[PDB]
Number of protein chains: 6
Amino acid sequence: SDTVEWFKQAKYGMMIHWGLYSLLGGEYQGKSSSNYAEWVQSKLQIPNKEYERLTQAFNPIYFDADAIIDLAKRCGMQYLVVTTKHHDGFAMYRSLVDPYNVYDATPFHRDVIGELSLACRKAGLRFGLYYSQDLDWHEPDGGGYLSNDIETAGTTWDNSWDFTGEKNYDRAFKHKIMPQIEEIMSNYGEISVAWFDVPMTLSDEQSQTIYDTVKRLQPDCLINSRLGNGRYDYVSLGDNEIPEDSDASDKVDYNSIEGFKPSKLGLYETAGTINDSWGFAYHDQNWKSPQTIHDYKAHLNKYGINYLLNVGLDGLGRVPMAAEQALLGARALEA
Amino acid sequence: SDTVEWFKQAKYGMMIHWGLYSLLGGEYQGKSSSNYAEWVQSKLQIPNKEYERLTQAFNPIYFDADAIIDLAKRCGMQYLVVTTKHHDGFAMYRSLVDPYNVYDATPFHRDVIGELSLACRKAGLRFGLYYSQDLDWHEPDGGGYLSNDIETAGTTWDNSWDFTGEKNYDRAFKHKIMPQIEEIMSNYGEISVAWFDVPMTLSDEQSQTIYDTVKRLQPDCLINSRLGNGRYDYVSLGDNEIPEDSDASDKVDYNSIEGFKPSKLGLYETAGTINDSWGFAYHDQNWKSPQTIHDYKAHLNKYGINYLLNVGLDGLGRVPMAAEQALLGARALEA
Amino acid sequence: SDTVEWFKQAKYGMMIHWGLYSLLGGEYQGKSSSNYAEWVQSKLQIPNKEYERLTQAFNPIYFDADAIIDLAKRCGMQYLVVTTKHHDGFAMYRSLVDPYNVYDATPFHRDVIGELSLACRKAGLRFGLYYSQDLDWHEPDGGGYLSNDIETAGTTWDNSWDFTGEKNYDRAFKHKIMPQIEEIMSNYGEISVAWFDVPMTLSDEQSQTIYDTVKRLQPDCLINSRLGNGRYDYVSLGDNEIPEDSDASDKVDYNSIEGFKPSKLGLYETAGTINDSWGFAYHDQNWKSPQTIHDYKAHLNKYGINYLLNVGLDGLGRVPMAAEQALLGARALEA
Amino acid sequence: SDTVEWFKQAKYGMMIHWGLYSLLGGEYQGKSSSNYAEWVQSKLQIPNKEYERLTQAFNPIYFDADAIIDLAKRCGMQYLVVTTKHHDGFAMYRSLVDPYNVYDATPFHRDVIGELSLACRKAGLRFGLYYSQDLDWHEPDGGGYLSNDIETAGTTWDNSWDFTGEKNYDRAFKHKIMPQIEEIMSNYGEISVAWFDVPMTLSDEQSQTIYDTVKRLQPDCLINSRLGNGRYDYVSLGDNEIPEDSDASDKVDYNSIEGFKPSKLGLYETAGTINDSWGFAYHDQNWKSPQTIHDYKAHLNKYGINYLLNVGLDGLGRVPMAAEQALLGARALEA
Amino acid sequence: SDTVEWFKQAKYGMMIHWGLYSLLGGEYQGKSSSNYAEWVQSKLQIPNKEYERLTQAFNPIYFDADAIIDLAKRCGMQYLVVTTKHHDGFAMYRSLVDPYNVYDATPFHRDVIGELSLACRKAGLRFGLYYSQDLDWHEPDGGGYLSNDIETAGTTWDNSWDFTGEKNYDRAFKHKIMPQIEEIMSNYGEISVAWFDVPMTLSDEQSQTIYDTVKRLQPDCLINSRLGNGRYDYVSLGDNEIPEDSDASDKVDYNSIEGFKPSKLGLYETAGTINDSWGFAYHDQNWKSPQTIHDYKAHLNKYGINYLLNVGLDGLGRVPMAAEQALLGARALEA
Amino acid sequence: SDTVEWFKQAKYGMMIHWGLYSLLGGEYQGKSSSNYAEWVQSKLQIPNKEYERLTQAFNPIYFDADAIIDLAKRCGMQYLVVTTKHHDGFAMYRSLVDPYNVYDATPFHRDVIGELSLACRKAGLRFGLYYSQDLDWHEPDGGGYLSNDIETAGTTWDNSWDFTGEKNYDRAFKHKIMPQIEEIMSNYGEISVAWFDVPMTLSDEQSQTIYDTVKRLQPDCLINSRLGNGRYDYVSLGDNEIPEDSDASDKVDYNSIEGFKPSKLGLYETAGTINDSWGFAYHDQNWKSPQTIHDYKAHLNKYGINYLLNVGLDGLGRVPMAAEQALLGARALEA
Ligand SMILES: C[C@@H]1O[C@@H](O)[C@@H](O)[C@H](O)[C@@H]1O
Ligand SMILES: C[C@@H]1O[C@@H](O)[C@@H](O)[C@H](O)[C@@H]1O
Ligand SMILES: C[C@@H]1O[C@@H](O)[C@@H](O)[C@H](O)[C@@H]1O
């Protein structure tokens, strides 16, 4: 495959986390999210009916998909992966399946995924899509309800405060997860990377059904290990996992998110953050320096691991200034 | 006067800075404001036509005047002073003089000063108004154009980038400044404090005209020294000025902002910030500890100086969590 | 005066009650207003913050001022009196004094009083204005707070639930009542009747100040007895008061609403309702018959008392069908 | 089947009629509907272009699906059946097939059926859907055009005033009826009851096609007799038909709406009203007492017939107070 | 077929061009279109991001489909063909495939194709649909990129200014062209004519796939020659081509637009304009006289060729007055 | 005076006509205005209720006051005069007196006069205001009702179709004309020219009262002869009046609009059009050539008459391309 050869040498990409959570920025009614601002809904058990009010404040006048891609491109990033739908269940694309999306429900009334797709295509960057296939806090049957003995960046993995009765992920799988994966893999042109996450609930068969649907719609799309149950083309390491020399040299619970796993094609990627948050967090100014970014990329890359470095856009659709400065500074260090 | 006796023993108040600048939060197009996020328009010479686009993003769904006043009251603050219009010229009340205001120009479509007024009244707090009488970057004849040999938190004191010709503050004084001062001193009930600022341009007679108008409309309102030209009832010290013991014990350019000045009624106030910014700034996490706040208040108060401590509300109308925590922590130190 | 001679022979007019209360139609959250639907805010102590939400639902697409005036005219009514502002304090005209009005605060965005004014003028009917000069539930200093030993159609005469502190009607008088009376007596052409109500609080001097302002702006406007303190040109009898023969034949607490009072010019008017409510009430189907309406009019008129017969428009701006049928039926009985 | 055993013992459910007709409440332009306010468009031959204007007034700020379900549940009702689309053709859910719906065409911009579905699920009530499969006054090929020798609550059964040419129900069946039945049986979770109506036009094969589609999408859904042509799992008796003892004891035109029909599974239901209208009607205050409701339910139930008792929500989305009072009163009579 | 016999005798129809281009009316930023005003995007290389702004100005309050069809009918026209989507790629109907359409993207929020379909049906006119299957300037893979050695009414046939990379029409064919053709041939009732255009890029197989889909959805639809590659039921002559007597008497590059081609069914049609533009152009006042129109129609018709005479609606949705006058004048010349 | 010396040498200015009439562009419901498109409301007796609908279509996305002024400046024009309110009574500025204005009543929600004022000031052009002091079709007492024996570009000079009763200009003078002249002469900075029109009704005293108000607010404003009754500082010739050499060389009904009148300060101006309409008219493509414009200007100027050359902006706020081309071409002919 072309995509396989390409990914092996790609080295460096940009990830984007952006959603209603970005407006709250890590705080809600005087209380804090963890370092995980995108988890605020679970962390503070914000009822859906309250969280939905954020749609009315979502008018990011400074969002510019071309300017974002241009930054990525100047830094030598070869691909961009963006959140189409995170755990809160809010879609950042025009979903016919679900009107809880950025196009229908906000005054912004624009398809953010569509604009980033088009921007990547003109600039020659490959395009990837993040989709939370398991957790969906907007759905009574969203995943996570079997996993609450394991600590999270929130409270429970599922929405356990609005939805307190019998739960069966199979229904959400059928009525929302699969139809939305169909939309994003159909309507945004060629997809090079599919970035799934926290496979806390879905079965082997469900992972497989997703894998086969993605391949039917996007034959060259490379699927990460967090689809779960070993149904994947490349290994995602843990959040900000930068392995020691020895571990990076050598390289299993298929549903854990940490550590190495087998990779028949020799493909690996660490997704990381510039500060310590995925979603934009007001409080978090612990931005890595140009030098650290440069060194992390060099280290990952020389052991054949791609560096997928995340930007959490703010409520106005901006790359934080300190993120842009860190990225452009790392670029300036490259001889 | 009752107001005079009250102010002398008031000790502690809350100041609020809030405006379009709060949405930008210290950055614009990848460049930084100084420590002064509310000066961003001058610091980066943002054309009015661009800055005005912020009105369309101004929908602060979490703004709650009662909850802000309640925090003030729990911390033992006896008065609240809010920005009705800062240097950028944007009014935070329904101005019939000028449609560049929060009621007419934004989807929020509410009178912020009106809501704060009513909240202070129900809670028994005294109400005060900040108004930038000299600088107004939305007006070709706004003040500051004689002062650009003095360094600022921005570039120029005036809007020198949209407006580059002959200037005469007398026109803005007549057509905007005085009619707006009339509005705010007529429509929001009893006003106990009038907080003017940076008298870089206005004449003795202009300062006097303001003083007399405020008194005609608000006989019990105390006017601060920054009205300029010696036309005042109490002395504002410098920004965050905490005077040494022997200066605080003893106590002249009437148009400078720093140091003591004469006060025939023995009234003084230092306005300070919890971090280092007046307006909300994402980048500023340098929040003073409860202990520092407590000690500053004790020191000012034992020399008969009031502590007016500022909160810069964020884009959603909220008291930053770290500000609320610092204030409640200082309160908890009053054993 | 022309107006004096005209009113004596006018015999029959239409009153209109219409406001936010008309949407609720006599119930709120499963609880009933009295027979007085327009008093629902007081009856159920609806916080202003909740009651104001009705502005969002106020889009009465079937309101037609010409059609309403035409009905009046076909029934032989010679004048129309409309609520410009009822006790809830919501203005049904474009008030620059207060944005709590039908033009600024609702999607309808139209001046109802302006449209009715123009309609009366084209059809040749005289125009009159109701204004609640004393009670204003939207104002902390609204009237009624001295009268709560007298039972009402609500709970208290004042808003005693949002505003629980010290009150002084003088402030509302100055800042809202008088400025709004100036607006309505300045902006809507010639006013023939001024209908004030429930003078529970205002002083002799305040009644006089109103009287003199109305005459300065509208020299020929006839003022009713409910301005209070004997400041009036004609006597309003009680709500639906149809006096016995011998009382009607011969004809004192100036601030009560019931019974005869002296009338230097020999002018009298009974305001009444077709059913038992002033504001539209879903529940009230006790519509008087054509015969009753005809007989009430004949009785009042033969003793030189005018009959001002009220329609409460529904939430879509319509004359209820049973009201229209009753009025046209009474008309048909006049030969 | 579980559903069969459940329905036999269910005894008591809530029906909801709600649409644009609810705003008019039984009147339009000074003319009356019959006791059937939901038939107003036919009764008064309101052109589609005029009737559609009601969408602009549809902002029911008091609609609260949780509170409606809670009332049902407290009265011991075990299921709730709601109008997804009545004869006027207006959908009360987000239909991709037709933008003439409450989500796309009104300022309310919400999926009413979706909110009721979610509320039923959290409370543990079963959910049922009414759909007018035959009559559709918004469609040129809507049913009814062969039936106009039979008297209606309106004028004609079809829209005969906008559409006066050759008609063929087969086209509406294919392009609107079947696609919409697919939507409502796909997107709102498990449906326990399907409530079809007035089978004036559809063929045996069309009834069968509907029956089979419902079963394919909702294997356990019980379908009522008004799907027509004998394609049903339970018998709906006539509107408010409370059968005499010996008829109720013993128990054929498959397309009539009155009387008993065979029921293989022994299932029966009478749908009734609290007053005399299905849709909200201002004029109709003829509310049955608690005692009548209790006695009707006891009578129906002791002959193994379910009582499906209708609420017609008003223009603001509320259960009329007198309806709520009647239902809570009947509940109170059950020791 | 019925349609074949009907078309042969139909003689005269109306064409409608209407879109965003109609607002610009032949000019943009002080530069001219060619008198093909609908080509202005290509002629002046207007970036999509700029051209899209026109959606915000699209509120044609005088559009009236019934009045347009009435005009057609009074002139004896037996069918109407309207632009569902022209070269700029903007849909004039509610497309679920693409939100760049008149319903979703403009304040008008109405389905223009839908309203015209309904109007034709009530008046008894046959309905036809224009769709640009090949050129689409809103799509990176839109057609025309192989044809830029042939001169156009614009610059390039494709959008070569926003999209400068690798291009493959197959992708647009699959993702936009075919799904939209399915929409228009499914949702707007019976279609008698399908009017395709400028087959610069699509293959024989693509033409065939379209032809077969149209026939599957619309078995009686007649397809014109500009579908290309010989896949058609009738011949469209060139733009405003009025053939000389001996060519009209006798009657091959299947993908050219000029001249005769074979027609097994003996069906032909010339589409023409009243002035010289398809889309509305301010500059074009060169309106043909009644006499010319009459003579063109008589000439075409006596050789068995239908005359499809275009109206370009203005930005308010109106038939230009001079167009209406020309058409009514031609009608009056038929004694 | 400085203004007098400046105007005498000014030579050349730009006039702007822009309003609701510009959208109709000379046509309404299939009928024509004369070559006076701004007169369409009178010409076709458009009821106010219908004409007001145009506000909903008024969203001129291409309006750019800086670019208009820059064109003026590049042509050597020294001043710009704009319609603040034409005969239709619609204000193009934010009027507190009357909400029938471009700020309050349209989605554009911008102060056109304000933007032009600011643009003139930055570019160094003097600013002037046109105001229809006599005719006002939106006011029952608007002028013209004494003049209907004199032919107009419309039907009657007044609105005689909505308002058919007793009329008295004195009321409109007091309640709209004078208050609005105060607004425009107070809120837009220094005004160099006041351009009044068609003094068909107002008295000498009324003319004088206007003159004296303008001078009180704008001491250096030059007032034209069409204020009427000899109350003026300079003479406006007739519309498009280019006097013969001998009349221009040596130079009375004070209320006629044609021919010379005395000018004690020697000031004269001809206002003309580039085509033959003041307001934008679709049909009017009779644009004068560069040569004609140049020769007109030279002729007027060498006899000491200023040339005030009008642009009628289109519905999108543009200078028509042919007008821009004519003006730039005339400029190019100046050696
Ligand atoms: C239960 C009833 O069913 C049909 O007979 C309708 O025509 C009614 O008006 C109502 O929805
Ligand atoms: C009928 C005409 O056909 C093609 O040749 C288009 O490119 C035209 O500009 C228009 O639609
Ligand atoms: C200069 C012209 O003046 C008058 O004659 C008006 O009636 C015209 O409409 C235009 O404003």
Side-chain angles (χ1 to χ4, degrees), chain F residues 1 3-15 17 35-36 77-81 83 87 126 128-135 143-144 147 149-153 157 192-204 206-208 210-211 214-215 220-274 276-278 288 292-310:
Chain F
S1 178
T3 309
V4 168
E5 248 49 71
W6 162 75
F7 192 69
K8 215 168 213 130
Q9 64 76 66
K11 279 182 284 240
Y12 195 29
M14 185 181 278
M15 208 180 194
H17 281 64
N35 270 258
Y36 279 20
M77 289 152 153
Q78 280 198 33
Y79 61 109
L80 181 142
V81 174
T83 54
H87 305 151
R126 302 210 190 194
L129 298 179
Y130 171 112
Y131 186 86
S132 183
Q133 84 284 4
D134 198 293
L135 311 186
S147 307
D149 59 311
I150 299 167
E151 285 308 301
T152 70
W157 294 85
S192 304
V193 169
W195 222 100
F196 291 109
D197 203 7
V198 285
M200 303 313 289
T201 330
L202 85 174
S203 64
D204 183 50
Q206 285 155 349
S207 290
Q208 193 177 4
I210 288 173
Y211 180 99
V214 169
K215 292 298 169 162
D220 301 308
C221 187
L222 293 175
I223 298 170
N224 77 329
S225 63
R226 297 188 181 184
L227 180 51
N229 300 300
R231 301 310 186 169
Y232 62 78
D233 307 306
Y234 80 96
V235 172
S236 287
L237 298 171
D239 290 353
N240 281 304
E241 188 174 7
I242 308 289
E244 291 293 297
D245 288 57
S246 58
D247 302 315
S249 190
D250 80 343
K251 311 206 154 77
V252 179
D253 178 357
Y254 283 98
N255 294 328
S256 66
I257 53 159
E258 318 295 322
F260 285 96
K261 294 171 171 59
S263 189
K264 320 205 148 194
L265 310 162
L267 309 172
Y268 302 92
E269 183 189 67
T270 290
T273 57
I274 306 168
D276 304 325
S277 191
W278 296 92
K288 297 165 181 79
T292 300
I293 296 302
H294 169 269
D295 290 346
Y296 284 1
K297 179 155 76 66
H299 169 86
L300 291 169
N301 288 174
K302 76 185 167 189
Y303 289 115
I305 309 162
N306 290 348
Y307 189 26
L308 174 62
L309 185 54
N310 182 71

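Side-chain atoms are counted along with the backbone in the values below, which use heavy atoms only and exclude waters and symmetry mates. Per chain, numbering begins at 1; letters A, B, ... match sequence-line order.
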Which is it for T152(F) and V198(F) under the side chain to side chain contact (heavy atoms under 4.5 Å, CB included) test, yes or no, and what are the steps along the way? CA-CA 11 Å; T152(F) 70; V198(F) 285; over 6 Å; no

Begin with the C-alpha distance, continue with both residues' side-chain angles, and end with the deciding distance and a verdict on side-chain hydrogen bond (donor to acceptor under 3.5 Å, both in side chains) for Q9(F) and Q78(F). CA-CA 10 Å; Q9(F) 64 76 66; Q78(F) 280 198 33; 3.1 Å; yes

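Interatomic distance, OH of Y211(F) versus SG of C221(F), reported as 9.5 Å (0.5 Å rounding). A distance of 8.5 Å separates NE2 in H87(F) from CD in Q133(F), rounded to the nearest 0.5 Å. With rounding to the nearest 0.5 angstrom, the CE atom of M15(F) is 13.0 Å from the OH atom of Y307(F). Separating the CG atom in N301(F) from the OH atom in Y12(F) is a distance of 9.5 Å, to the nearest 0.5 Å. To the nearest 0.5 Å, atoms CE (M14(F)) and CD1 (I274(F)) are separated by 7.0 Å. The OG atom of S225(F) lies 9.5 Å from the CD1 atom of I257(F); values are rounded to the nearest 0.5 Å.
Across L135(F) and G143(F), no two heavy atoms sit closer than the pair CD2-O, 3.5 Å. Of all heavy-atom pairs spanning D134(F) and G144(F), the tightest one is OD1-N, 3.8 Å. Residues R231(F) and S207(F) come closest through the heavy atom pair CG-CB, 3.7 Å. Minimum interatomic distance between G228(F) and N255(F) (heavy atoms only, all atoms of both residues): CA-OD1, 3.2 Å. Of all heavy-atom pairs spanning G238(F) and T270(F), the tightest one is O-CG2, 4.4 Å. Shown here for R226(F) and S236(F), the closest heavy-atom pair between the two residues is NE-CB, 4.2 Å.
Formation of a donor-acceptor pair under 3.5 Å by the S192(F) side chain with backbone atoms of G128(F) is not found in this model. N224(F) contributes a side-chain N or O that, together with a main-chain N or O of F196(F), makes up a donor-acceptor pair within less than 3.5 Å. Between the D197(F) side chain and the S132(F) main chain, no donor and acceptor come within less than 3.5 Å of each other.
Aromatic pair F260(F)/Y268(F): centroids less than 6.0 angstrom apart.
You'll find the side chain of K302(F) reaches within 4.5 Å of the side chain of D245(F), heavy atoms only. Residues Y254(F) and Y232(F) are in side-chain contact: their nearest non-hydrogen atoms beyond the backbone lie under 4.5 Å apart. Considering only heavy atoms from C-beta on, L309(F) stays 4.5 Å or farther from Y296(F) through its side chain. Within the 4.5 Å cutoff, the side chain of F7(F) has heavy atoms near those of the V193(F) side chain. In this structure, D220(F) and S1(F) have side chains that are in contact, with non-hydrogen atoms separated by less than 4.5 Å. Under the 4.5 Å side-chain criterion, counting only non-hydrogen atoms from C-beta, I242(F) is in contact with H299(F). The side-chain heavy atoms of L308(F) and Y79(F), taken from C-beta on, include a pair separated by under 4.5 Å. Two residues are said to be in side-chain contact when any heavy atoms from C-beta on lie closer than 4.5 Å; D239(F) and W278(F) meet this criterion.
Here the rule is side-chain contact (heavy atoms from CB on, under 4.5 Å) with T3(F), and of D233(F), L265(F), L222(F), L267(F) only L222(F) fits it. Just one of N310(F), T83(F), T273(F) meets the side-chain hydrogen bond (donor to acceptor under 3.5 Å, both in side chains) condition when paired with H17(F); it is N310(F).
Under the 4.0 Å criterion applied to side-chain N and carboxylate O atoms, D295(F) and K288(F) are not assigned as salt-bridge partners.
Inspection of the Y303(F) and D247(F) side chains reveals no N or O donor paired with an N or O acceptor under 3.5 Å.
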